[PDB]
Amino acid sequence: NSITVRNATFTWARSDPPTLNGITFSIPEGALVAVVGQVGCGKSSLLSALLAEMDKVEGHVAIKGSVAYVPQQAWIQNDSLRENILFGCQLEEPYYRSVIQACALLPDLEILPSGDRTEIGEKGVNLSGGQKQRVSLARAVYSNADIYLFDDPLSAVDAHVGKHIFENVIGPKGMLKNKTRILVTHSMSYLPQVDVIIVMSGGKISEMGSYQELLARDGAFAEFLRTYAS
């Protein structure tokens, strides 16, 4: 297991009840695992907890290897698009080329005045929400971590681009097919294709299993599909 969490409780503020309570799960190395649940149920917080960005009140957390993150709202550094991807790393080919292609960046680069050397962020070219998201994906993919935490990574891109990113970056035929990948998503579109789904409610885990297992149970996952998925 690349991730092992045992009866773990995490807080953003000791003055109030913890946001995440009694979290217990293990993720096999190389698994693709979705995390779903009603808006506000604690999905982003779960990723923050794994990044050691919350305060662990109690419990056990063991994470094997490096961790990359694609946050829920993409952000841009004041620098070239290239440096927004490299983010401290040296540029290496053909890996860089593969990341550009996989993250659907070619159509964006093609209309930029200096391609990837274009200054983006403050006082530079004004990227769209979809463009920022593709840059954010590329930043994480380029770092070539062992574990990927994706916070609703297809929300800001259109359906066609989303399909490209799932196929080339996230899924079993993508370039990260050997990595552990945790996929928070509000969408049902790719849930049949993940290995395991973790359903959350109220800062706790309600149930875990495959798409087919959870669907048949007609419990929390079935309710997510009927009422919350969008």
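The numbering used is simple: start at 1 and walk along the sequence shown.
Between the two ranges 168-176 and 188-196, the one averaging a larger CA B factor in the entry: Looking at the record's C-alpha B-factors, the answer is 168-176.
Between 41-49 and 27-35, name whichever shows the higher mean Cα B factor according to the PDB entry. Here the higher of the two C-alpha B-factor means belongs to 27-35.
Candidate residues 121, 113, 71, 94, the one whose C-alpha B factor the record puts highest: The listed residue with the largest C-alpha B-factor is 121.
With respect to C-alpha B-factor, does residue 59 fall in the lowest, middle or highest third of the chain as deposited? Top third by C-alpha B-factor.
Could you place residue 125 in the lowest, middle or highest third of its chain by Cα temperature factor, using the values in the record? For residue 125, whose C-alpha B-factor we compare with every modelled residue in the chain, the answer is the highest third.
In terms of the CA temperature factor given in the entry, to which third of its chain does residue 133 belong: lowest, middle or highest? CA B-factor rank for residue 133: lowest third.
Ranking every modelled residue in this chain by its Cα temperature factor as given in the entry, which third contains residue 84? As the PDB entry reports it, the C-alpha B-factor of residue 84 lands in the lowest third of its chain.
Taking the values exactly as deposited, rank residue 76 by C-alpha B-factor within its chain and report the matching third: lowest, middle or highest. Middle third of the chain for residue 76's C-alpha B-factor.
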